[PDB]
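This document starts with one chain, in the form deposited in one PDB entry, laid out as structure tokens.
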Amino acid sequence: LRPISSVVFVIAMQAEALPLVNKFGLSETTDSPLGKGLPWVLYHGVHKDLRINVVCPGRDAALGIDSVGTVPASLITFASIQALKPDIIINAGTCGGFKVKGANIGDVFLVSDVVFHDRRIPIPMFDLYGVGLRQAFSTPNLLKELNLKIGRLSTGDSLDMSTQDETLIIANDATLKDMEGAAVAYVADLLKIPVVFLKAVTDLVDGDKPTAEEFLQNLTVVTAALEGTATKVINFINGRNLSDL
């Protein structure tokens, strides 16, 4: 095969992208290559053997909060793949974790496989489709070298967790809970692009703090840990082919 030459990061919140942007000296795109009048942000750069791009769903028109959730993440994954034809996608972001599954605040996890906990369609065939079980691209050398934790990720468009959500998340044996991962994998699967995840724990879903409060409290520090890992991930990938990880 050929060495990986192009990597796209899909990152939901702009402050989580920014340190990575600055670290690799990436520039904000000016020519709206993913479509006109869109709030989306793309940062581009060439670093050693890798073209590097980072896409975010951008600041919402009303208030400028990050356009989080499965739909915007799915849109930018699709558009950036079609526009750039990367070798690999990395969906980097924050997530909730389970203490009983070994998750701690500030851990940056790799993901083995990914599901939805909030697409409940109680009809055969549709049920499995809804769950949308998908495997992350195998990166055994990356995991070993960086000494990263790993677990199943469960995706849904809510930050909190209803009773029904929790039953499905426990049943699927997830270590991690986010708001976009499985939608990224659906699009990547559709377009035959390998996908890796980097999910950084801001809050303990089985813990003694409310989710929204804990997430907001740890966001700044955990973002920094996520940048430290994503940086190492980029350097590791440089000059390797997909077989090497």
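In this text, rigid core is short for the largest set of C-alphas that superpose within 1.5 Å between two forms. Note that residue numbering follows the sequence shown and begins at 1.
Heads up, the form deposited in another entry isn't pictured, but that's what we're talking about next.
With the two forms fitted on the rigid core, I'd like to know which residue in 39, 45, 33, 210 is displaced by 2 angstroms or more at its CA between this form and the one not shown.
Everything else stays below 2 Å; the exception is 210.
Comparing against this form, do residue 224 and residue 210 have their CA atoms pulled together or pushed apart in that other deposited form? The difference is 3 Å or more.
Closer together, by at least 3 Å.
Classify the change in Cα distance between residue 216 and residue 167 in that other deposited form as closer or farther, relative to the shown form (magnitude of 3 Å or more).
Farther apart, by at least 3 Å.
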